[PDB]
């Protein structure tokens, strides 16, 4: 209620709650947090740009191929993380605003 | 090569209440029934013929 601006509003409540009876040894009460803020795009966006800028001059690869790795597989993993990055970027700021199952019909004249 | 990814599509779909159909007994009526017979038919005027 204090903010919706940092919560995904098209998931009506983003929250899963639980309350166990027993605290950790030497403590009175506690909580564990596990979250997914779309901010996490930056992580992977770092990794897949840092990858691509070394790969664009083939640096270090000789050590990789030496264990018979395939040179095509770099291109594939970095492409897959660019799809994964794009996934957060498109679901960030995505619509709570509604759209209906209704098509264009030629039912009127011009006025 | 041109890096920066290809393209990925969002999962989003339009919504409708499908013109859904149910039963209604109340919808089948607008008018009430007429009254019963309030009139005597047994009465006699007792004329000595």
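So for chain B, numbering is Swiss-Prot's, and the shown residues are 616-664, in order.
Cβ coordinates are placed from backbone N, Cα and C, and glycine is handled just like the others.
According to Swiss-Prot, the protein carries these features:
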- B:628: ubiquitin cross-link (CROSSLNK)
- B:634: ubiquitin cross-link (CROSSLNK)
- B:638: ubiquitin cross-link (CROSSLNK)
- B:648: ubiquitin cross-link (CROSSLNK)
- B:660: ubiquitin cross-link (CROSSLNK)
- B:664: ubiquitin cross-link (CROSSLNK)
- B:664: glycation site (CARBOHYD)
- B:622: phosphoserine (MOD_RES)
- B:628: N6,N6-dimethyllysine (MOD_RES)
- B:628: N6-acetyllysine (MOD_RES)
- B:634: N6-acetyllysine (MOD_RES)
- B:638: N6-acetyllysine (MOD_RES)
- B:641: phosphoserine (MOD_RES)
- B:648: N6-acetyllysine (MOD_RES)
- B:660: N6-acetyllysine (MOD_RES)
- B:664: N6-acetyllysine (MOD_RES)
- B:628: site 'Not glycated' (SITE)
- B:634: site 'Not glycated' (SITE)
- B:638: site 'Not glycated' (SITE)
- B:648: site 'Not glycated' (SITE)
- B:657: site 'Not glycated' (SITE)
- B:660: site 'Not glycated' (SITE)
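A gap of 30 Å separates the Cα atoms of residue B:628 (ubiquitin cross-link) and residue B:638 (ubiquitin cross-link). Among the recorded positions listed here, namely B:622, B:634, B:641, B:648, B:648 has its C-alpha nearest to that of residue B:660 (ubiquitin cross-link). On the backbone, the CA of residue B:634 (ubiquitin cross-link) and the CA of residue B:648 (ubiquitin cross-link) stand 33 Å apart.
Cα-Cα distance from residue B:657 (site 'Not glycated') to residue B:664 (ubiquitin cross-link): 19 Å (rounded to the nearest whole number).
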